[PDB]
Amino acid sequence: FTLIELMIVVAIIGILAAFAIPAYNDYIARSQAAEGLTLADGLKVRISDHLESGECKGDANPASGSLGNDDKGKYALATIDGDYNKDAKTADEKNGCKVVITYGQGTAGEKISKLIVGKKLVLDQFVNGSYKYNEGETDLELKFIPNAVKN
């Protein structure tokens, strides 16, 4: 290669990158943020069990098999929260329960995408066991929120 060839190539590559790297970063961050939903889906049974005693949260019980409010992944910690609504009874009202996903509180700590670290994705549960995200409690960029939860 010639100097001018190298200079022209390095130029085009540099410019393409200007657009590519930020798209690559967003995609890494979206990919990591997805762990939140997996965590939250894994908590569905605990929530169900907890609600038998009329509360979203529940202490872990040695004798009963029952478990607590947390599940910790690589990119986030997910915690059961909320105030149960006994009156809510139709598939598309909220039961009052939520899952609070805090990114950067997983096993990887703050060593994860910096686009999400310290961000919160809060998921409201509905009577049918479904999640849609809670805007207002959610810090996480819409860009990074998984589609299944935006309905």
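Heads up: residue numbers just count along the shown sequence, starting at 1.
If you average the C-alpha B-factors over 96-104 and over 47-55, the higher value belongs to 47-55. Relative to its counterpart among 116-124 and 65-73, 65-73 has the higher mean temperature factor, C-alpha atoms as listed in the PDB entry. When the modelled residues of the chain are ordered by their C-alpha B factor, residue 110 lands in the highest third.
In the PDB entry, residue 33 places in the lowest third of its chain by CA B-factor. Split the chain's modelled residues into thirds by C-alpha temperature factor. Residue 8 is in the lowest one.
Among all modelled residues in this chain, the alpha-carbon of residue 140 has a temperature factor (C-alpha) in the lowest third. When the CA B factors of the chain's modelled residues are split into thirds, the value for residue 87 lands in the highest one.
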